[PDB]
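Two forms of a single protein chain come next, each set out by itself as structure tokens; they are called structure 1 and structure 2.
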Structure 1
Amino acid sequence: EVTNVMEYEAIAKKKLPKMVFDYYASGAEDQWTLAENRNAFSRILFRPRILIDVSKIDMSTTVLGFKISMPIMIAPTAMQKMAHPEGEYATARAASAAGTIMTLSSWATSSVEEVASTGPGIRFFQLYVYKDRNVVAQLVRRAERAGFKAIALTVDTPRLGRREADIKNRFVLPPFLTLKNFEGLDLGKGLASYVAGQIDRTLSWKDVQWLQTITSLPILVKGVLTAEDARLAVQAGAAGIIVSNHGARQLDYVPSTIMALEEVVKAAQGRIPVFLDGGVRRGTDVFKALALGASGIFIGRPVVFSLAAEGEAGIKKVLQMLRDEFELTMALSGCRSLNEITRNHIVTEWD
């Protein structure tokens, strides 16, 4: 009997082949930030208010115009068909059924349209401004046609972080899986090898402004841990900021997103929504993020680990667990809406 979200990592570690579990579970180098992404939540306590009528909890929120059932969303991860045959189809169905947003990786094993064919649902598309700006365009288009509503642009990955497990595992994408967003596209004449060499080391904020010249979809600038870049993201025309450290997969010894969050929220000055991912496993984590000023969180690994465990039902139970846990956190904190989740409902180390 699985009772918390973290237990799916343990199950996925048993069930998956080492190189796949590692590929997902990996953080950069000595995985300090990966641990810190979890540990830092445990250095924030609650300051609950009691004896408040919490019989009607509303955790529903609006994200870039779209109403969703909870401030708990799915972050993009690569190649989900290594975890489970359905892969991103199951994620889409689960995310649609949960009434929340799913971000799809450009490195997904299922295309935007494949995911869209599972049924209606609000979905964002994770991108890099790759070197081949025509390929970036095609992807964007492909996403717009598939009914995707925003672009989570990765901005902390001019180069890939050193996840040493992969080198030690000789990590190769399995035989019958492809990066389906790049299939059928004009690449200018191995696809994983292609996209890896396509990650652009030269990106500036002008390239974020450029991304806005090829799509009218709101741009979530994804991977901002500093108030300095939080400011620049607003000025660059970002629809929102995801305080992400790429699941601690890029630069290690970068702060946890929870430490980083409040600096970014304040720097954004309410001009745009500030989301978080990295180390959210508990409903208490969701709350803490929101009390620090986040507009909602994404989960990455729990989706792939639970997908690996129980398929769609695994992702269903992760969203449901986080939901129930978060509703209970709200109840036991005295919060009947997300607006009622205030800074005074928590205390951090760094107060």
Structure 2
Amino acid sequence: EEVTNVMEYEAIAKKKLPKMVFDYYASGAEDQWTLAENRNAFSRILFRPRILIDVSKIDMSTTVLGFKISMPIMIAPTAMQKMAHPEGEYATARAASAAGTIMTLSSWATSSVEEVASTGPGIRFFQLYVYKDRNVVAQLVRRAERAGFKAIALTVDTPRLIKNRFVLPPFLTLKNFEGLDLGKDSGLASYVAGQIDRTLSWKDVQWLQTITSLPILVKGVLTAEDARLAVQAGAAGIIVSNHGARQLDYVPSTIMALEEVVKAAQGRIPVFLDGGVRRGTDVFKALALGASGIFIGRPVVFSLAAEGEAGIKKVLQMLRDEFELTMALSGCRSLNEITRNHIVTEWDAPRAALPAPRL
């Protein structure tokens, strides 16, 4: 057999895993997400290649929050990875480290921040929800600090807004909550589901900064308005993400938003994209729209379920290889050379209609 693309792991994982486990990842906690996310939007962006530029050597390295990484391609959090494969987050952490990139560990990981750190050196971010008990937030942040984690990826939605639920077997737990002072008991899983705060505002983002000095990334910004508020709130970065609620027919376009968000941020902080990135051409398109990098979630868990650590390694290498080739075809020798003029979007004014210069 031979796996040739990132989306081909999706079938192998469907087979390998119990239906509910696969659906939980493919479609999220509820059945709200689509697997075809952004595939149409990405399709409708075309390239404007430059020729006769020496691209024999492509540099795709970049810096994220001061940390040098090998490619603008990072790993998004997906919860309880030991459900997907016995090695779980351990495998994700090792592959990320080996590929020279960043892993974000889920708040709901089946492995703790220090377990992840025990695997060796690597730059890691930690997913945080603001829980109702602010002292519990405090304990999570401190544990992640001690484990050497570099940034907070703040998720700002509620996963409560069902059919895709399963139980963690007794041998597996939500390890980041294990051992923490929770105060004055229907199980640990129920606690972390019940205690997500429904009243979150920007004031809470500012509060986070009184308990930690770690850079905070705010996930979910889809508008110029919230991009400005993120900057003013002291966010170190923005993640443009929103998987949608398909049963409600609630679709927001992240891609259309990406450029708007980037422009609003005014170069103050980096802007990342998370959602349906599957091709090297997708990565290129997001960066040309002005994103500083992207995150992939589903492809990592699927390839973990399919081949463990070796599969994650392979997904990252395929994405990487297509990205390099895309840059080469475009005439771009580094990330800096990936300009807005290397793509064309449906909302671009047609260049063929414009008068050409020469006075």
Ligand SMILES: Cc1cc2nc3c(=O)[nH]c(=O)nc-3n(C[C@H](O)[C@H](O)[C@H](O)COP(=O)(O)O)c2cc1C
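Start at 1 and count along the sequence of structure 1; that gives the residue numbers used here. Heads up, when I say rigid core I mean the largest set of C-alphas that superpose within 1.5 Å between the two forms.
**Prompt:** Is the form deposited with ligand FMN bound structure 1 or structure 2?
**Reply:** Structure 1.
**Message:** Superposing the core, which one of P218, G121, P255, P273 shows a C-alpha shift reaching 2 Å or more between structures 1 and 2?
**Reply:** After core superposition, the one over threshold is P255.
**Item:** Rigid core superposed: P174 CA moves 2 Å or more between structures 1 and 2
**Value:** Yes: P174 shifts by at least 2 Å between structures 1 and 2.
**Asked** Once everything's superposed on the core, is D285 shifted 2 Å or more at the Cα between structures 1 and 2?
**Response** The answer is no, as the C-alpha of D285 shifts between structures 1 and 2 by less than 2 Å after core alignment.
**Message:** Quick check on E29: with the core superposed, does its CA move 2 angstroms or more between structures 1 and 2?
**Reply:** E29 C-alpha, core-superposed: shift of 2 Å or more.
**Request:** Look at the Cα of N39 between structures 1 and 2 with the rigid core superposed and state its shift in Å.
**Result:** Its alpha carbon moves by 2.1 Å.
**Asked** How much does the C-alpha of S244 move between structures 1 and 2, in Å, when the core is lined up?
**Response** A shift of 1.1 Å at the C-alpha.
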